[PDB]
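Undergrad: Questions regarding the structure given below will be posed in turn.
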Amino acid sequence: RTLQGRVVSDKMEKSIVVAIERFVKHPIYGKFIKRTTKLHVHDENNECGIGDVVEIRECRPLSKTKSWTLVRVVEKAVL
Amino acid sequence: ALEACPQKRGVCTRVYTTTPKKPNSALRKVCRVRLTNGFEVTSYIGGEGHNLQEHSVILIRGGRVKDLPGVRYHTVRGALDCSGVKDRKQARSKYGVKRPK
Amino acid sequence: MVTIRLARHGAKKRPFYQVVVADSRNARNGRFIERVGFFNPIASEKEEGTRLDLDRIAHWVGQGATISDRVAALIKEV
Amino acid sequence: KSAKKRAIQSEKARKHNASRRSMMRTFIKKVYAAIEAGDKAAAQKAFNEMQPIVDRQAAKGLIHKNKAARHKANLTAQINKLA
RNA sequence: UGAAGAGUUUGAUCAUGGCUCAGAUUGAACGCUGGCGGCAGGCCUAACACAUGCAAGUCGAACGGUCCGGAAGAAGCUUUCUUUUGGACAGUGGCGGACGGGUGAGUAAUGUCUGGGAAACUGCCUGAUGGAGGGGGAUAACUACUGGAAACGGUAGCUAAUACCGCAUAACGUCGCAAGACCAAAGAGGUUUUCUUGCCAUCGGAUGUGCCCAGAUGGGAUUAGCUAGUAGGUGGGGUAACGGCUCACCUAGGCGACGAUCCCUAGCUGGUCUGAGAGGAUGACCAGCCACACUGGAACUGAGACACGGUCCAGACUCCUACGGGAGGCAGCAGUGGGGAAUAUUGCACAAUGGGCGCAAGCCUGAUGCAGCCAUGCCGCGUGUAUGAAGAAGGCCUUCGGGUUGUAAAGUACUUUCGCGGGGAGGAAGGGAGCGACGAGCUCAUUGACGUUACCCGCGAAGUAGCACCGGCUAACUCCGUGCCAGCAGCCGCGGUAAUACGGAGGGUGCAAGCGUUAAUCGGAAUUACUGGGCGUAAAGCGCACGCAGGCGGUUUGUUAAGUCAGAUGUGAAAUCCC
């Protein structure tokens with residue numbers, strides 16, 4: 005699966021957390037609600053920096069918290 | 022009734038008499054009962070005469086006595102020690118009275 | 001072990017069996033894999049006492065599906 | 004039949020595999036020790052007496068497949084290193 | 001194809017608003033009453049304590065002895081004794097109790113539900129490939145002796161296999177490098193030179209699972225900052241396997257108002273009841289999953305139980321006891337006592353269906369199929385049918401003229417539930433034998449709980465009914481008694497001498513072996529209003545400003561197209577619901 009998000013942190017090495025956000029209708033009201041999730045994606049090349057809107061795909065579990073890897077960078081920067 | 026039970030047994034604490042309210046006047050027979058529910062409430066004693074002592078021990082039905090504020094329950098005659106009304110030729114269903122020969 | 005036996009829809013004076021293929025673990029009248037036909041002991045409800053659908057069981061048979069002694073008789077009758 | 008027989012066999016059963024693993028860790032360490040020392044000849048020769056023994060434990064319900072292969076890989080991985 | 005409201009806060013009116021009513025349902029109980037049958041259903045209350053019986057074995061086509069049975073011998077007969085053989089038990093040896101059955105205590109968690117992923121595993125059964133050469137070793141039974149009250153135990157001697165072990169071939173597989181080296185395996189039975197059962201290694205099939213992930217899963221913040229292995233990294237240990245899961249070292253993070261942490265509660269679901277729908281409530285019967293067997297903890301053996309009739313330790317209790325020391329644990333079936341408003345035969349039976357083991361014969365199987373008890377519910381049926389006075393008697397009313405209960409009863413004729421006699425069921429083929437090569441196939445013979453019940457035929461007597469209610473909502477009236485006394489009462493109320501609402505009687509209405517009562521669930525409530533609502537005075541704008549997050553955002557063009565929309569396809573278990 006592919007997920008789009010922002011690089012909210014590049015503190016760790018080879019590890020970048022992507023803040024993916026989505027919009028879903030409320031099961032009762034139906035009005036769209038905002039929901040986000042942080043995913044620790046792998047980045048061996050430490051190519052992606054903070055502010056980068058990258059794509060994320062499911063991959064072989066690098067660690068317990070990391071099960072995703074950086075595929076491609078959408079845009080350059082957006083702080 | 023606590024456990025939403027239709028009826029609830031209990032032991033009488035005292036079988037005294039009470040007087041109706043403003044519009045009525047009489048000596049209605051009531052009795053404080055310590056139900057197994059853990060509550061000590063007062064119940065009315067239907068019938069023209071009863072045989073409830075101190076260790077009566079009777080079942081409670083549940084019914085408010087308009088004239089006697091506080092009495093929200095009625096005693097079931099024909100059960101346990103509460104003997105059914107004597108010579109009841111009428112509504113024997115209530116007062117628990119076996120049909121005479 | 002997958003097996004082809006008779007499922008009893010059987011009601012009071014209305015005994016009907018459904019030759020079906022299902023895991024031997026499952027109950028006699030539980031969730032079955034697939035019905036291959038039916039059996040009417042009295043054959044009163046319908047003239048067609050039994051409908052085996054040979055080709056169907058012909059598949060399960062060889063697939064590892066074993067047929068009970070009673071069912072084998074009905075199936076053998078085709 | 005005798006429900007006790009199954010109890011006694013199980014106990015003496017562990018006593019068996021218990022000794023087998025002992026021989027394993029005993030020689031595996033010997034090989035590693037030799038390798039660490041540098042003695043090639045004596046080491047490998049001792050390494051060989053550890054392979055079939057761990058392979059034999061696999062023959063029965065002593066060490067089984069996986070864990071048996073693990074040991075073979077780990078041992079040979081520690082000997083070719085320090086050597 | 002789907003939606004009626006009414007009563008009551010006024011002297012009267014309108015509005016707001018709360019309460020209340022006729023209906024349906026309940027594995028119910030209680031009161032009065034009670035005939036039969038079919039199907040269904042039954043501790044909904046203490047994991048409180050329990051007398052007694054019962055809850056898995058099966059193989060002599062693995063081996064040596066007793067018990068039960070048959071046959072043939074040595075003998076004139078008897079005693080005694082010998083050989084052969086069937087069953088089985090006792091033992092040795094092999095394979096099976098983690099299935100089925102019960103309960104819901106505990107449990108908010110990938111535990112469960114839905115949709116996916118992979119770092120995995122799988123006896124017996126099925127398909128395919130290859131193989132089974134030589135040798136060695138061990139322990140009971142049994143025999144002898146000793147200890148003990150018993151349980152049971154110690155020592156000495158003999159001994160076998162499809163029991164254990166070492167050596168060969170490499171179909172292959174494993175490990176380093178890259179395109180090298182290493183590692184396997186028991187027979188038995190016969191219609192015995194031919195098959196049958198079984199074994200060893202490998203691949204696959206069938207099925208069942210371990211683990212991980214997205215989303216979803218109750219109440220309270222008078223539960224807010226929390227955390228040190230705590231978050232991550234390297235290496236190692238550990239496991240079938242990922243993982244701080246565990247360890248050493250390093251880094252210092254990780255989580256939180258999209259509510260963590262803490263506290264409370266309840267097995268969950270398919271479904272069930274209700275509702276126009278949404279939704280609410282529930283999850284008891286049956287089916288799936290989960291968690292529990294004296295209380296608590298733990299591990300071993302195994303494909304699987306951390307395992308009710310397996311084991312170990314701690315604790316209480318009960319029983320046995322020559323007190324030295326032992327035996328148990330009905331929240332398994334039935335049942336007992338205690339509890340409660342209340343819930344049943346310590347019954348019959350395996351032939352049928354299904355299950356375990358066996359080549360088979362066959363053995364085991366209170367799983368289940370039935371009967372019993374109880375109007376607890378549902379449906380069917382009977383206590384009669386036709387006739388019978390302008391109109392008995394009796395009771396009741398009366399302007400006593402008469403009217404009413406009434407064709408109602410009596411009586412006449414007819415049929416004739418019970419009961420009796422006879423007959424008597426479906427629900428069930430092989431083993432064996434004959435033909436055939438005791439193979440395929442064909443043919444033939446023997447045998448059943450509920451029941452002697454259902455049902456059929458014959459005979460045949462009129463042959464239980466009650467309960468609630470009659471002021472209004474609610475359909476159905478008078479007389480007498482009593483007299484705010486006694487009593488009634490869901491609400492409004494009624495009774496102080498004329499009461500259809502008190503008690504009795506006559507009559508009447510409703511229903512019918514049923515009828516009432518009590519308790520519990522549903523809408524009406526557009527009274528949280530998404531569909532359906534309001535806030536100047538009836539309840540309701542926060543005192544104001546600034547401002548964070550969040551929510552929302554003008555006109556034109558282009559790209560993407562996530563939301564949104566469309567087609568196709570997979571999934572959406574069964575049953576249920578609808579036709």
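Keeping their order, the protein sequence lines are chains AQ, AL, AP and AT. Those letters in the first sequence? Residues 5 to 83, by the entry's author numbering. Those letters in the second sequence? Residues 22 to 122, by the entry's author numbering. Those letters in the third sequence? Residues 1 to 78, by the entry's author numbering. Those letters in the fourth sequence? Residues 4 to 86, by the entry's author numbering. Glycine included, every Cβ here is placed at the ideal spot set by N, Cα and C.
1. To the nearest angstrom, how far is it from the Cα of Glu51 (chain AQ) to the Cα of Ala81 (chain AQ)?
2. Report the residue ranges of all beta strand (DSSP E) runs contained in full by the region 38–66 of chain AL; include only those spanning at least 3 residues, in chain order.
3. How do the region 10–30 of chain AP and the region 4–17 of chain AT stand: do at least 3 beta-carbon pairs fall below 8 Å, yes or no?
4. Mind checking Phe60 (chain AL): buried by the 16 CB within 10 Å criterion, or exposed?
5. Which residues mark the beginning and the end of the beta strand (DSSP E) in which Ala23 (chain AQ) is found?
6. For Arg31 (chain AP) and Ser24 (chain AP), what's the separation of their Cα atoms in angstroms?
7. Quick one: measure Cβ to Cβ for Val58 (chain AQ) and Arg39 (chain AQ), integer angstroms, because I've assumed they're closer than 8 Å.
8. Buried or exposed: which applies to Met53 (chain AT), given that a residue is buried once 16 or more other Cβ atoms fall within 10 Å of its Cβ?
9. Taking the CB atoms as reference points, tell me whether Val92 (chain AL) and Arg98 (chain AL) lie closer together than 8 Å.
10. Whether or not the region 33–48 of chain AL and the region 41–55 of chain AQ are in contact is what I'm after, with contact meaning three or more pairs of Cβ atoms, one per stretch, closer than 8 Å; do they touch?
11. I'd like to know whether the C-beta atoms of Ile56 (chain AT) and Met26 (chain AT) end up nearer to each other than 8 Å.
12. Using a Cβ-Cβ cut-off of 7 Å (strictly less than) and excluding sequence neighbours within five positions of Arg120 (chain AL), which residues of its own chain qualify?
13. When DSSP builds the beta bridges, which residues end up paired with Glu62 (chain AQ)?
14. Which residues share a DSSP beta bridge with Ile37 (chain AQ)?
15. Check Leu65 (chain AT) in the structure and name its three-state DSSP category.
16. With burial defined as no fewer than 16 other Cβ atoms inside 10 Å of the residue's Cβ, what is the status of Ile42 (chain AP): buried or exposed?
17. I'd like to know whether the C-beta atoms of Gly37 (chain AP) and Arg28 (chain AP) end up nearer to each other than 8 Å.
18. Output the distance between the C-alpha atoms of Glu48 (chain AP) and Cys63 (chain AQ), rounded to the nearest integer angstrom.
19. With respect to the alpha helix (DSSP H) encompassing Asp102 (chain AL), which residues constitute its N-terminal and C-terminal limits?
20. Assuming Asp102 (chain AL) and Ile79 (chain AL) are in contact, meaning their beta carbons sit under 8 Å apart, how far apart are those beta carbons, in whole angstroms?
21. Just verifying my parser: in three-state terms, what is the DSSP assignment at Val36 (chain AL)?
22. In terms of residues, what are the limits of the alpha helix (DSSP H) holding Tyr116 (chain AL)?
TA: Let me spell this out:
1. To locate residue 51 (chain AQ), count along the first sequence from 1; it is residue 47. To locate residue 81 (chain AQ), count along the first sequence from 1; it is residue 77. Those two C-alpha atoms are separated by around 13 Å.
2. You should have 49–56 and 61–65.
3. Flag = no, the region 10–30 of chain AP and the region 4–17 of chain AT do not touch.
4. Here residue 60 (chain AL) refers to the residue found at position 39 of the second sequence. That one is exposed.
5. If you number the first sequence from 1, residue 23 (chain AQ) lands on position 19. Start and end: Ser19 to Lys29.
6. As a first step, residue 31 (chain AP) is located in the third sequence; it is residue number 31 there, counting from the start. As a first step, residue 24 (chain AP) is located in the third sequence; it is residue number 24 there, counting from the start. Straight through space, the alpha carbons of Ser24 (chain AP) and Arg31 (chain AP) are spaced by roughly 11 Å.
7. Taking the first residue of the first sequence as position 1, residue 58 (chain AQ) is located at position 54. Taking the first residue of the first sequence as position 1, residue 39 (chain AQ) is located at position 35. At roughly 19 Å, the Cβ-Cβ gap does not stay under 8 Å, so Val58 (chain AQ) and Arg39 (chain AQ) are not in contact.
8. Here residue 53 (chain AT) refers to the residue found at position 50 when the fourth sequence is read from its first residue. By the neighbour-count rule (16 or more Cβ atoms within 10 Å), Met53 (chain AT) is buried.
9. Taking the second sequence and counting its residues from 1, the one referred to as residue 92 (chain AL) is at position 71. Taking the second sequence and counting its residues from 1, the one referred to as residue 98 (chain AL) is at position 77. Taking 8 Å as the Cβ cut-off, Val92 (chain AL) and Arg98 (chain AL) do not qualify as a contacting pair.
10. No, the region 41–55 of chain AQ does not touch the region 33–48 of chain AL.
11. Start at 1 with the first residue of the fourth sequence, and residue 56 (chain AT) comes out as number 53. Start at 1 with the first residue of the fourth sequence, and residue 26 (chain AT) comes out as number 23. Contact flag set, yes.
12. As a working mapping, residue 120 (chain AL) is identified with position 99 in the second sequence. So the qualifying residues of the chain are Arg113.
13. Locating residue 62 (chain AQ) in the first sequence gives position 58, where the first residue counts as 1. Looking at the DSSP assignment, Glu62 (chain AQ) forms a beta bridge with AQ:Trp72.
14. Taking the first sequence and counting its residues from 1, one reaches residue 37 (chain AQ) at position 33. Note: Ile37 (chain AQ) sits in a beta bridge opposite AQ:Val28.
15. Here residue 65 (chain AT) refers to the residue found at position 62 when the fourth sequence is read from its first residue. Coil.
16. By 1-based counting over the third sequence, the position of residue 42 (chain AP) is 42. So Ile42 (chain AP) counts as exposed.
17. Here residue 37 (chain AP) refers to the residue found at position 37 when the third sequence is read from its first residue. Here residue 28 (chain AP) refers to the residue found at position 28 when the third sequence is read from its first residue. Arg28 (chain AP) is positioned such that its CB atom lies no closer than 8 Å to that of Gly37 (chain AP).
18. For the purposes of this step, residue 48 (chain AP) is taken as residue 48 along the third sequence, with counting starting at 1. For the purposes of this step, residue 63 (chain AQ) is taken as residue 59 along the first sequence, with counting starting at 1. For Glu48 (chain AP) and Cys63 (chain AQ), the distance between alpha carbons rounds to 58 Å.
19. As a first step, residue 102 (chain AL) is located in the second sequence; it is residue number 81 there, counting from the start. Going by DSSP, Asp102 (chain AL) is part of no alpha helix (DSSP H) at all; its letter is neither H nor E.
20. Locating residue 102 (chain AL) in the second sequence gives position 81, where the first residue counts as 1. Locating residue 79 (chain AL) in the second sequence gives position 58, where the first residue counts as 1. Contact annotation, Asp102 (chain AL) with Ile79 (chain AL): C-beta distance approximately 6 Å; criterion of less than 8 Å satisfied.
21. In the second sequence, residue 36 (chain AL) corresponds to position 15, counting from 1. In the displayed model, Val36 (chain AL) falls within coil according to three-state DSSP, outside both helix and strand.
22. As a first step, residue 116 (chain AL) is located in the second sequence; it is residue number 95 there, counting from the start. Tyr116 (chain AL) -> no alpha helix (DSSP H), and no H or E assigned at all.
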